[PDB]
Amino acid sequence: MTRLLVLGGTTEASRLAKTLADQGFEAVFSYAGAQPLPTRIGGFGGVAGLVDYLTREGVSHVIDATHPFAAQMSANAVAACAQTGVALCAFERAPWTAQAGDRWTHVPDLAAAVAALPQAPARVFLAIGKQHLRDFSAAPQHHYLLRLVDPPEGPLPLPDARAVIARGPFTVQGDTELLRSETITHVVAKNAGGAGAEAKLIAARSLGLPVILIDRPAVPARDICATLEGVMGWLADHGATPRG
């Protein structure tokens, strides 16, 4: 009968896991590498590996609550669920949209973000986690500010960088203090959507700073279950029921 796989990595995901556990769903949470469900860690081994997992574990439903920029995991979930007739929905918020006072430009990927930075040395907040920071070594004249969940193993791949180690979630006061104190001139961010990571954008607006926003990657179509209640509804509409 019902056995959920929740692909995590965000706050939508952690909150969702808590709700599922409260309601009594048989569910496993998964991270690539804050909630009480039994958690698997690490990749599945491509689409075939995920197919094998779904089949061996008798998964009935997948909820993809991965970050919107975890596009390989999302695309693999589409393919694997399609190959096994397992129901899938994505728990994702809509992208952020600009308002008055926002100074935003958009680029399609991380490479284009690097290319978008000015020639003259700037002070750039790379608000994009740990992945692919190296890419910015192709614009080595800038000062970079990083914010990382864990202390970096080795030396930063960036000629001039400072890493602040923190998780948050972050407040507008906090982010405005950071940007101000590091005299940031530009912010690079991914268009994640949601309230949880939006502080840095309000802070930027407050300080009158430009943001280079990386647009969401393309992922194949699947059902979208964009609030906790939407997820509960979709679960019931696909015959998922809790313990007992």
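Residue numbers here begin at 1 and follow the sequence given.
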Gap size between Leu209 and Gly208, counted in deposited residues that the entry leaves unmodelled: none
Please compare 34 to 42 with 181 to 189 and name the stretch with the higher mean C-alpha B-factor in the deposited structure. 34 to 42
Read off the CA B-factors in the entry, average them over 122 to 130 and over 164 to 172, and name the higher stretch. 164 to 172
Per the entry's Cα B factor values, which of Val107, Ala80, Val149, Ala138 stands out as the maximum? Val149
Please place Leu235 in the lowest, middle or highest third of its chain according to the CA B-factor in the PDB entry. lowest
Chain-relative C-alpha B factor for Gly58 (record values, thirds): the middle
Determine, from the deposited record, the chain-internal third of the Cα B-factor for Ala48: lowest, middle or highest. middle
Would you check the entry's CA temperature factor for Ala199 and let me know if it's in the chain's lowest, middle or highest third? middle
Ordered by C-alpha B-factor within the chain, which third holds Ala94? Give me lowest, middle or highest, please. highest
